[PDB]
Every structure is written in structure tokens, then in C-alpha cells.
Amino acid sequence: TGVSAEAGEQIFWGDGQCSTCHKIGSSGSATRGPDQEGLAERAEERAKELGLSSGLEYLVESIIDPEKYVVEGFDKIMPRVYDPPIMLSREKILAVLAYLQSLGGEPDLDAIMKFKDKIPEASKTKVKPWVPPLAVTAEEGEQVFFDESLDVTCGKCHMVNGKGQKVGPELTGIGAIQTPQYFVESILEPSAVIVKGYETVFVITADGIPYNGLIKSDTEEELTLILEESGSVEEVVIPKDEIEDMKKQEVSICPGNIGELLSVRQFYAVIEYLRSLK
């Protein structure tokens, strides 16, 4: 499809997977990462603050080394899209950069092409294949994911293709986006990265009653929280007019002792299942 902002648009909303986390104003609905409307102008300001040569260089850096600068208000969730699973080609990354420049700026093809030697080549990825130390299958991991008899049941909070209960984010298609290393960290260090919007809020009512949990739904008159305890959940509906204070906390209700509740085999099988969610 070549290096053009028009090709980059197809990739951003296509196999670049960018629109699974980013929206552009009212285009798209994803909120995992920053809204990219006006990104071209924003990048110029980040480049000045960070000592880079241009906003375009900041955009390049944001793709090749997502962890190097973390936008305030977000965690380190953006994958290196040139690595598996996405394995976005160098030509596709250049096209995406042209599209990003068009978000409030003008694409500069000559300038973009000069960064080609800085974009890692997906075919030459340094990532070693993911091979669990036991034989496990994705089908085995699906059984674990939904097993209600275990001390932890992912399906109590996560939905996949219409199955499971919606508390945390739906995981449909996540294996097309994230690495097994991210899945390991999500399960064993759940509060290390918190999907945007799934923070725990600490609420205090006028009567002095505390409620700590995830906001399920927030309307004009009622706030519904999901409380978590020992992998079990419960909903409470709090009248808004009874809320005295509320404070967001950078902690997750994705359970913190999964490493103690799953066997080695269950753990690696669940990871295989997630990888298979394409």
C-alpha cells in the first residue's frame, strides 16, 4: 500500500491495531491510550520538552520505544508493534507515521523516509519464540479460564466472544495485540499496569461508610461499584447524593494472588489461551 498518509490511515484502523487503544476525537471508541486528535501539534511540544529534533522524531520514538516516555495518566501498555504478535512491517510503520503527521500537521514523506533505518525490521525480530516449559494447549487454558471450581476464575470478570462476566476489560482479540510477557505480568503483577478506566475508586458516604472498588456505571443519580474480595465480587449501588468523597487509586481488582492459586500448568495453559485470542 506504500508510504502515504492514506495508507497509514488504513493501517491505524486496520492491522496496525492502533485503534484498539487509540481514538481520534469522535472517531473510534477506544480509551486504553491517549486520544490522538491534534497529535501532530502535541508531538512538537513533547519534542521540545524532551530535547528531540522534531515532533516527527517523537512520533518515531513513541512507536519504536513505547516505554521510553510514558504520557502522563497512562501506564506501560503499548506494545512494540514491530515485534510479535503484530509484526508490523517497516513500510507499514512509515505509512502510519505519515498518517499521524496528518493529525493536525502536514505529512513530510521525505522526512519520514529518512527514519527508515531507525525502525526495527519485524522479520528480524530479536524476540525468542514463546515456549512454555510444559506441554499445554489453548483449549486447556480455555477450560481453566472459565473453571468456576478453581480458587480464581478469569471468566468471572473477563468476557471472551460472549462468554464470561463483564467486570474487567473484554479480552476478545487480545492475543493479536499483546505479548505473552504482558500476559504474565498482567496475571502475576496485576496492579503494575492498569487498563485506563479500570482504576479502583475509594468512596466515602455521608454516613461515613467506605466502599472501594471499580466503577461499573456512573449516571446522574447512582454510582454502581464492583467490590472485590478473595477473587469474589459484589455490586453496590450508591446514591450519588450520599457520596462525600471519592479518590481514584492506581490499584486493580484483577486478583493479586493468582500466582498462589494456579498451578504451574494452569498458569501456562491460560497464557496459551490468551495468545490464541486473535
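Don't overthink the numbering: it's just position in the shown sequence, from 1.
Higher average CA B factor: 202-210, of the stretches 87-95 and 202-210. Of the two segments, 106-114 and 183-191, the one listed with the higher mean B-factor is 106-114 (C-alpha atoms only). The maximum CA B-factor among the listed residues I77, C154, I177, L134, taken from the PDB record, is found at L134.
Ranked by Cα temperature factor within the chain, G28 sits in the middle third according to the deposited record.
Remark: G55 belongs to the middle third of its chain, ranked by C-alpha B-factor as recorded. For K196, the recorded CA temperature factor ranks within the middle third of the chain's modelled residues. When the modelled residues of the chain are ordered by their C-alpha B factor, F146 lands in the middle third. For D35, the recorded CA temperature factor ranks within the lowest third of the chain's modelled residues.
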